[PDB]
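Line by line, the protein sequences are chains A and B. For the first sequence, the residue numbers in the authors' numbering are 21 to 114. For the second sequence, the residue numbers in the authors' numbering are 221 to 321. A virtual CB, placed ideally from N, CA and C, is assigned to each residue, including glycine. Quick notes on the structure that follows.
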Amino acid sequence: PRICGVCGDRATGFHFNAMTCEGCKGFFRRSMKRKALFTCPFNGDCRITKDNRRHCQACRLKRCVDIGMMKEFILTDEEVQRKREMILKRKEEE
Amino acid sequence: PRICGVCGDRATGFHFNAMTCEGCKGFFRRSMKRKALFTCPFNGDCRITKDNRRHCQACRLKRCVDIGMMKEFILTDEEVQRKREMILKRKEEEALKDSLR
DNA sequence: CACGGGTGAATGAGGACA
DNA sequence: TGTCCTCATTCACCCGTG
Ligand SMILES: [Zn+2]
Ligand SMILES: [Zn+2]
Ligand SMILES: [Zn+2]
Ligand SMILES: [Zn+2]
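This is the structure:
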C-alpha cells in the first residue's frame, strides 16, 4: 500500500522500516543525524499532509517515530566510510 | 500562482504560508514581532494595493491574516539564537572533521 | 527489484541597509 | 519600508550493494 505513513504523499517504498515518501526518508534521516530538537509552534498534534509537512517539523518527526521508522537503520559515518572504502576497494578489486 | 495576495504586487514565494511580495513578508514579520495593535484611520475596509500599502498598517495587517499568514511561522527570538549557534557548532565540526583527513 | 546514501536546484527563514 | 543577499532545509532522482 504505497502511501506515505507520515504525510500521505505517494510512497516510494520502505525506508528505515516504514512505507514512506522520498521527502520523509530524507527528512527523517537528516533529522536523526543532526540530532535535531524540534518544537510544535501549535498543539503538538498537527495533521501532516503532502502540503504542510515542510512546516511542522516537530510533529512530522514525532510522526516518523510513531509509525515505526528506526534511527538504527540509518548508517553511521564510520559505517558509510567503511562502505566507500569498498566501493573503491572493489572498483580497485575490478 | 504568483502575485502577492495582500498587496497585489509581484510575489517572491510563500511567506509564513501565503504567496506574498517581499515587502508584505517584511511588514508581517515586524508587526507580529511587536504585537503591534493597529487602528485604521478610515473605515476598516481599505482596498490594499502595491501603492497605498504603507498607509494603513491596520488594514494591511488584517488583510495579511485573512490571506492566511501565520505568526506561528515567524521564528521566536529563542529559535533564532539556537540557529546562529547551530550554525557555529556544525562549523567547528566541519573544522575538526577536516583535521582528521 | 528494494533501499541504503548523496547531490543540487529550489524554498523560505532572517537581516543589513538605503 | 523594502530590497537583495546568506544560508539551512527540502526532495526528486540518481548510484551501488544486496
Ligand atoms: Zn511523507
Ligand atoms: Zn505540530
Ligand atoms: Zn505585498
Ligand atoms: Zn484602513
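| Item | Value |
| --- | --- |
| Near ligand 2: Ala56 of chain A beta-carbon under 6 Å from a heavy atom | no |
| At least three beta-carbon pairs within less than 8 Å, the segment 76 to 95 of chain A to the segment 34 to 43 of chain A | yes |
| Contact residues within the segment 44 to 72 of chain A, judged by C-beta distance below 7 Å to chain B | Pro61, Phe62 |
| Option in A:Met52, A:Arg22, A:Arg74 with minimal Cα separation from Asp97 of chain A | A:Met52 |
| Check: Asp29 of chain A C-beta below 6 Å from any heavy atom of ligand 1 | yes |
| Counted within 10 angstroms of its Cβ, other Cβ atoms place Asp65 of chain A as buried (16 or more) or exposed | exposed |
| Near ligand 3: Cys284 of chain B beta-carbon under 6 Å from a heavy atom | no |
| Proximity winner among B:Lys311, B:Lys255, B:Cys227, B:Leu308, relative to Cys276 of chain B (alpha-carbon distances) | B:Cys227 |
| Which of helix, strand or coil DSSP assigns to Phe248 of chain B | helix |
| Chain B contact residues for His35 of chain A, given Cβ-Cβ distances below 7 Å | Chain B residues near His35 of chain A: none, gap ~24 Å exceeds 7 Å. |
| Chain-ordered neighbours of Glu292 of chain B on chain A, where CB pairs are closer than 8 Å | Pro61, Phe62 |
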